[PDB]
Amino acid sequence: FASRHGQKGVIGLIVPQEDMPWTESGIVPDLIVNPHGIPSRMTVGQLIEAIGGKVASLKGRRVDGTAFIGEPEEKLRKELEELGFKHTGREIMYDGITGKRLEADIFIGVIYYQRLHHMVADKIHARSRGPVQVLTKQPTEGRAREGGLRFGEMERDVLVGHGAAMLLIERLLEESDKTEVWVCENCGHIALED
Amino acid sequence: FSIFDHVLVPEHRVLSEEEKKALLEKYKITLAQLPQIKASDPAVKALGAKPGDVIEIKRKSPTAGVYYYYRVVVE
Amino acid sequence: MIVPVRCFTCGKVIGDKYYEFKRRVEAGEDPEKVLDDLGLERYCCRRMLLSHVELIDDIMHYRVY
Amino acid sequence: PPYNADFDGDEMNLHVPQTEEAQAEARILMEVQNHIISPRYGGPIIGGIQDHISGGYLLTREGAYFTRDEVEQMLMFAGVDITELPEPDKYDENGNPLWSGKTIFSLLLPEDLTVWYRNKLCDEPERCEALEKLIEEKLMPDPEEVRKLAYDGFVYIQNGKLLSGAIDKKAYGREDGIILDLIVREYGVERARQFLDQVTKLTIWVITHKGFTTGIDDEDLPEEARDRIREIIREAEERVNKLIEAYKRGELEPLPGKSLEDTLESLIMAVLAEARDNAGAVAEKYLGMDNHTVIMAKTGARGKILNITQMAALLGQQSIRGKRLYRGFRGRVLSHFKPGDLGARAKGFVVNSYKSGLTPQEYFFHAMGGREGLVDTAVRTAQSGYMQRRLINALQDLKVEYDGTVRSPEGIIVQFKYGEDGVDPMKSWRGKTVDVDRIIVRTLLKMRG
Amino acid sequence: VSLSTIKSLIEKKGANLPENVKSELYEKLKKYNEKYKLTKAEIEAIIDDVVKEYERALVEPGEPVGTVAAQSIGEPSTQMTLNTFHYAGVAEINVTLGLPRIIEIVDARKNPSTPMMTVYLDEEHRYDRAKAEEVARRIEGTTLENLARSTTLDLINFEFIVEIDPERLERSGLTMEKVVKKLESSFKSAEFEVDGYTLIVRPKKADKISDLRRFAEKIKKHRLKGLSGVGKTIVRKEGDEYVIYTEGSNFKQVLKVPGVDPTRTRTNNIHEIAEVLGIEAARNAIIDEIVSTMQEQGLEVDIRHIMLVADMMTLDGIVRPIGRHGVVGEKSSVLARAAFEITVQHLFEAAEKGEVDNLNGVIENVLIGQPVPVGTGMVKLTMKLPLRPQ
Amino acid sequence: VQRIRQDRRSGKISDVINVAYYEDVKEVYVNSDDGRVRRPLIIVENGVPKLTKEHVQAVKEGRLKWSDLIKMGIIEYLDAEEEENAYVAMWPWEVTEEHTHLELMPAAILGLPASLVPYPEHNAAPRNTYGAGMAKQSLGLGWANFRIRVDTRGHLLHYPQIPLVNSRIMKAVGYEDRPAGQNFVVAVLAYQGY
Amino acid sequence: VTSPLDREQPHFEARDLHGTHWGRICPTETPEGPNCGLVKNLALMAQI
Amino acid sequence: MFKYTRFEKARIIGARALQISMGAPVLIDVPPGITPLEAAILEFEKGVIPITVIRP
Amino acid sequence: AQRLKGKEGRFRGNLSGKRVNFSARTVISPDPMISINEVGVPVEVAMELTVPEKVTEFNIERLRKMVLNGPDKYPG
Amino acid sequence: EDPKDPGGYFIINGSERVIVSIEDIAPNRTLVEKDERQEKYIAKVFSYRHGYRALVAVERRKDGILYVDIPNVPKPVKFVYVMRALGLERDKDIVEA
Ligand SMILES: [Mg+2]
Ligand SMILES: [Zn+2]
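Protein chains in written order, with full-length UniProt numbering: chain W, 876 to 1069; chain L, 7 to 81; chain Y, 1 to 65; chain C, 456 to 904; chain S, 2 to 391; chain G, 536 to 729; chain H, 439 to 486; chain F, 1 to 56; chain Z, 305 to 380; chain V, 147 to 243.
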């Protein structure tokens, strides 16, 4: 999921309704975001939109948010104050499990979120044996044709750095392109079996 | 002025034959396995060295106070 | 496509109130008073009626049998 | 932190070894708990991040107290196998027991642990000096005196009891987790794993059930701060204009910088940077530690003071490649300014903040600023990759032999003793061969106790 | 106990400890013994614990230190800013920083992008600012056109018209007749008409139309009073000692300039240090330069990896690059070199020379699918057959 | 150049001709070729914008069109060459004597997807770039022909919603008839560390 | 709008935001990877 | 023994696990349902090891 | 000549690295309730990826039961 | 068809192909650039006629002599040489031009 202000993320956990907190005015959040994502991302526009969404929903009219001529923030805060809510946009909620109110009042509003098309049902991929190519006889490439994942050179250097020689052999040679060849002991040319 | 007084230049010393054999036997090496130092190197010229000898270098490492490094002289 | 049956957050049935709200607000009534009259009080419900767009009418033309 | 991964759409690969030798190598060499200490600098890498540090601060801050039910619930949630609660610390009204956060945290520590240091939250050096004098006088001062002279800013642990301090990034953080490093060096990887698995859950419970949020009013400065910031900006602009006029009259003194214009630009940039720093100083001064964003920034959980001063006071000066914005029309970046203008605003200085909104010209200047960072990362990745490939191919197959020497494949002796010392950097004490002071203090406290 | 007893106990038990460990242990033991009373048993236990820790901290045989060092140098490389400040500011000279500086150091370019030297002053002229600019002027290099405030290559009369400012002579301590005699000594058959703030040059070949501007510019280009290849000279006091910094670099010649302290004089040109001081000094120069860059950018990298890199780079008495023309080019294995770069040419060259690959590296064993000779690949095991289940 | 400007504004010649002069080198440039990128601007004469209130009223009533304003000498297109001689005033109240043009709408300097972000001047530039790029990946009723179209891949969002806080541009460009997201009730707090 | 230059090279000067783009090229909409600064979109008030 | 490096311990455990899988008897009683590898780790931890390591 | 050389050539990208069997890839989601040395694996991946186990005396019962479970129940 | 569909794209073999606009240098215009490696001051023009492009450059080297680069000409020719080759042989004519 992603918002219009650049905040992106994946669903981390799905929570039953009775375990969700609820504000003192009877609102149960649809979605919870982490407070650590706001600073170092510096997207005050998201907070302004959060205030504006609840102001618009309470007032029954949509809110202009044009680039430079939109409704100023102070007007939105004053209007929110006039409707019976705190100007800061914060509210008092009670914890879902314990059932007693949290020590701090919490920020809550309405924000526009979009579902992206990078969905896990189209990204999961597994390969146990599968088919192989022709020239190299290595596993194919691509999810559609039951391909295998790529174990590049960097992974080889990582495995060397750990010092796991037999693990390197197992990941590289044992499970792909095993071969047996006869060779004469004076030329070294590949001996031709009959 | 000599280059041995610079802070970046560690001490150098020409090893004699007995400790040459002792060092060559300690690490199970021959003369070809040691690091090489050119004949025209200013340190070699200052020491008056000769290709064939090995120079003992006393390093000043931050991790260890004294560390000995050996180099063989080539042209 | 069409108006949802229940509010996504709390679950109050608001499916039948969209057309009345649209007609009343189009007539000239203040939308806030109309929403208050319909019974919707928490803003989670009001959002669903306010931000809804009717798209079933302009996709009904293309039929597939 | 090891994988450098974030849960914003990242994907990871999983490999299943098939042979018994491969399984044994994976189990013995590459277990996660074996790589807590980084081999790059000899410090911890697998440590707490974000909510762990913030919840630690919330739990062990001064004035934090917890009831019976909260204590039992959080102890069970963490997984600690306690059986009887300790004696209550303070009795509140209505005769209900209360436990300080320090006791709950100390329940998670080993029995024999003693360490003291200064964390990032220190702001009054006098208190730390007094505490250090008390500790240094005799190495085991009476606990009651230390509780009397407690101060968030001097973490002090005595035989597993947290006597004074607040959990910070220096406790079990990603970079300088002193407590985690000490545990993993003195007890073992299993003990460090258990300690981490307990503290993470406990801090998560604290931050979840105490409440932690940030909002639009986290940057609401009072009127006095805004007036001061406006005064600073106006003074800086006046100084820049005076410098420009002096340059125009030709009275400007050429700096050791070769070109007079370059001297002018350097002076202007120095003035603007100082102005932004002063504005940041006053903005930080007027925001206390009750603000959640300030808590997150100070403890090192997330962000830094620059983000606060840019969201609260002003963005500052935008530049590309270390120079003010100059590309555009002849003698002007945008057509909305007169040609030949060198003023602060006309070349990129943004006097607004993210909270107060940016005028369109400031918006364009900021976009021009950010494009440079984007392309910088895009090119830096490839350059670093090529360099790493060359280095890896150069130094791939050097190894430590059984006699301590490092030898090339043909047999040349690269080093007669690895690292000049023979000590693995991973096992070193933050780059030191051995921490003598810590060993002396530990032994002295152990036997004399 | 007595300090001599402490020394005897340190020497008797800590036999295998490094020198720095012994010295630091002695100092800390003295301090903690004077601060707090210590018994003999306590000191013995402390030394035993130190010995145990040192033994436990030793490297494990078979560790692949080279790959670890390469990754430790390369992983932070994705973090420094390829675009540095590019602004010297005041009392500084701009120098390439971040990734480009590290790349230049590693590739061992014959000449760096911003050659900057460091000239520590001798006992005299160090505490005296005036003597500091005396030394600077002894090494500061300025050209004829640098002195002048304005210059007009007059083609109407086919002579030189130049307006010299007093500022350059004020800073450099020079005089008009000094420049005059320098021009007389440097060039002949030129007028060199001496004036207050003007010089007129009108050689015979400049009388015609086709041979004036080039010769006039060439004469105007000449540098005087300066050591070759040295630009501006910033002087700043660090601690209680003034130091000099120069644009450009000539390390061979500066060391003979009076007033310079040759002991602490350093430069950022590693090849220059190698030619003047030797390969062993170039090793320390490389280590110090990389450490300075890493510390400046705020990334912490252990010294041992840089030690390994520097030791490998100076294995043959020459500071070779790590690229295809350097350390990699010296690998005996043909397949290892072929895998890196320029495969076909290396293969054909090996075929011509009839070289032999002994397969003693990681890459070849990986290609053939045999155990690599690092880590678990070097362990050899035996066992007694008549196993008793018990 | 004054003569050519007067002829262009009167309507004697086409509006694709652009003239710019360079005083330093004494050169006059006339451009009538293909592929120049231009923007419209309101012509300011003697410190008075040529677009008056009754013109706006006529445009609103439908009696007047954009092409009529172009042909009336009220609005002229400027390319990168002619803009070298201009001194544009950003806002209507900032028009002074030396100004020669007035900006029409500063919020239109942004591209089509970048206009989706409400209050875009309150965000850091990289976050705005990420949001603009991600606005092209969200699901929604993109086109009404999805039932009978034949594309390799396609997504449909069951209950799209108009954003509560929206810029006035996307109502004009038609985005609000094909929305691509929903309005969530968002709370900002840490929950179980998930 | 796309540029014909090769993406592999840095092209530090080409990828930057010129001052003449005001009103002709969107300052924000641009790809993330190697195409950053070489692929651009017309502003709303543009007229070829 | 004197001291077992990480690589030597890994090698010994791998060899013992392979031998146990191929049919060698286990010299220590083990819980039911354990994999051969974890049986090897239990055997090593008990201290009964039949494989010695050769040093240069 | 071009077959051997290059990133996609024979020498590098074909022997140095290659596609591998017994591997999977999917997105990552946080979970603080497991130990730091554990990974949550989808049940679907477990049914596909396999580990060959030799039947010995101490694991005959478990392996027999899991064979009885077949390839459609999880512990199979 | 969707009435909101804007058009402006082609259909080729049942797939919708769109032509992205290329950003090229302005044709038949002189642009002067700096070449400090060879200390040559170069002006370039991309002349267009019937789809054919012609990179014609006149440059001044350190010697102060003007040379002209022409397509299919292996090496630069002296400026007044090619100027004479276009008629206009009298030196006063070049001086005036
Ligand atoms: Mg990510
Ligand atoms: Zn509701």
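Don't be surprised by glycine CBs; every beta carbon is placed ideally from N, CA and C.
Beta carbon of residue i nearer than 8 angstroms to that of residue j
| i | j | result |
| --- | --- | --- |
| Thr247(S) | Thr234(S) | yes |
| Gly608(C) | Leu568(C) | no |
| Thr814(C) | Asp623(C) | no |
| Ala725(G) | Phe667(C) | yes |
| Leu906(W) | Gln672(G) | no |
| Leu98(S) | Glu297(S) | yes |
| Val579(G) | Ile902(W) | no |
| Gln39(L) | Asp317(S) | no |
Environment of residue i [buried if 16+ CB atoms lie within 10 Å]
| i | result |
| --- | --- |
| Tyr969(W) | exposed |
| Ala42(S) | exposed |
| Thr466(H) | buried |
| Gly866(C) | exposed |
| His470(C) | buried |
| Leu145(S) | buried |
| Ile157(V) | exposed |
| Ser67(L) | buried |
| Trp1057(W) | exposed |
Residue i CB to nearest heavy atom of ligand 2 below 7 angstroms
| i | result |
| --- | --- |
| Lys17(Y) | no |
| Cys583(C) | no |
| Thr9(Y) | yes |
| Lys12(Y) | yes |
Proximity test, residue i beta-carbon vs ligand 4 heavy atom, cut-off 7 angstroms
| i | result |
| --- | --- |
| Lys740(C) | By its list of ligands, the structure shown excludes ligand 4, since it contains just ligand 1 and ligand 2. |
Anticipated Cβ contact below 8 angstroms, residue i with residue j, distance rounded
| i | j | result |
| --- | --- | --- |
| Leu617(C) | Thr538(C) | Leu617(C) to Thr538(C), Cβ: 21 angstroms. No contact. |
| residue 858(W) | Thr344(S) | Within the shown structure, residues of chain W are numbered from 876 to 1069, placing residue 858(W) beyond reach of any answer. |
| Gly677(G) | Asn479(H) | Wrong, their Cβ atoms sit about 18 angstroms apart, outside the cutoff. |
| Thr360(Z) | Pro50(F) | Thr360(Z) to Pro50(F), Cβ: 17 angstroms. No contact. |
| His911(W) | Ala756(C) | 7 angstroms |
Neighbour list for residue i in chain A, Cβ cutoff strictly below 8 angstroms
| i | result |
| --- | --- |
| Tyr729(G) | This model lacks chain A altogether; the protein chains it does include are W, L, Y, C, S, G, H, F, Z and V. |
Endpoints, the beta strand (DSSP E) within which residue i is located
| i | result |
| --- | --- |
| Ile220(S) | Counting along the chain, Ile220(S) falls outside any beta strand (DSSP E), though it belongs to the alpha helix (DSSP H) covering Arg214 to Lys222. |
| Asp181(V) | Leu177 to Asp181 |
Ligand 1 heavy atom lying under 7 angstroms from the CB of residue i
| i | result |
| --- | --- |
| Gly464(C) | yes |
| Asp597(C) | no |
| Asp461(C) | yes |
First and last residue of the uninterrupted alpha helix (DSSP H) at residue i
| i | result |
| --- | --- |
| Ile288(S) | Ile280 to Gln298 |
| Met379(S) | First-last for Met379(S): undefined, no H or E at that position. |
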